[PDB]
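Student: Got a structure for you, questions after.
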Amino acid sequence: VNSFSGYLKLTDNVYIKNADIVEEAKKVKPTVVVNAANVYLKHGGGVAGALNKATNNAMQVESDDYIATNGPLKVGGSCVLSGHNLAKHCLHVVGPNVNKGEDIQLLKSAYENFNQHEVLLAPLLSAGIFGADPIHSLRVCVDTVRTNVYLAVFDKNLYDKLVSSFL
Ligand SMILES: Nc1nc(N)c2ncn(Cc3csc(Cl)n3)c2n1
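See the structure below:
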């Protein structure tokens, strides 16, 4: 038993809700929140900008020290950093950004990072301003992640479409 409430059950291990990831993390305080990061951990918009803003820029400060020491992530890769006031940990995961010309086949690789964590609160990777098809991202998530993932979709209209089209 965990603290997640109000989710539609999609499969044995995947759940979904129409929620802003920031409000959802502040309420649950999960062990792991996933950030939809870029390789530079530059948290400008989408999920990253919203999460970072909620940490009063502490996420960005921590991230800049990480990059200065380790260099950029790979597309498809991840790193674990602090969750600040939102979670114990933040798993920064880089899905392919379609609007950047990155290979969408790396979306499966990106979701594989979730399997290193028993339970996660996460957004749909590569959706929204990353330019991939959200229906596709949800399908790759369900077909790749084996651990317990609580998916949050902020756009109501998108949420309704994802549910009604899910096989
Ligand atoms: N659950 C949630 N909460 C937000 N505050 C939010 N903002 C943009 N998206 C969609 C998204 C997924 S991956 C990238 Cl990039 N954007 C969000 N999803």
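So the sequence shown is numbered by the deposited numbering: it starts at 3 and just counts up by one. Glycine residues also receive a C-beta, built at the ideal position from the N, C-alpha and C atoms.
Starting from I23, trace the alpha helix (DSSP H) both ways and give me its first and last residue.
Tutor: 23 to 30
Student: Measure the C-alpha to C-alpha separation of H45 and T13 and round it to an integer number of angstroms.
Tutor: 31 angstroms
Student: Ends of the beta strand (DSSP E) at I18?
Tutor: Note, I18: beta strand (DSSP E), 16 to 20.
Student: Which class does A39 belong to by DSSP, given the choice of helix, strand or coil?
Tutor: Coil.
Student: Do the CB positions of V77 and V96 come within less than 7 angstroms of each other?
Tutor: yes
Student: From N117 to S84, what does the alpha carbon distance come to, in whole angstroms?
Tutor: For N117 and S84, the distance between alpha carbons rounds to 18 angstroms.
Student: May I have the straight-line CA-CA distance separating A38 from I69, to the nearest angstrom?
Tutor: The C-alpha of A38 lies about 16 angstroms from the C-alpha of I69.
Student: Do you know whose CA, among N87, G79, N59, lies nearest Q107's CA?
Tutor: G79
Student: Hey, out of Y152, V100, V155, whose CA is closest to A134's CA?
Tutor: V100
Student: Per the contact definition of three or more C-beta pairs closer than 8 angstroms, is the stretch 131 to 148 in contact with the stretch 12 to 30?
Tutor: yes
Student: Is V34 closer than 7 angstroms to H119 when the C-beta atoms are compared?
Tutor: Between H119 and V34, the C-beta spacing is below 7 angstroms.
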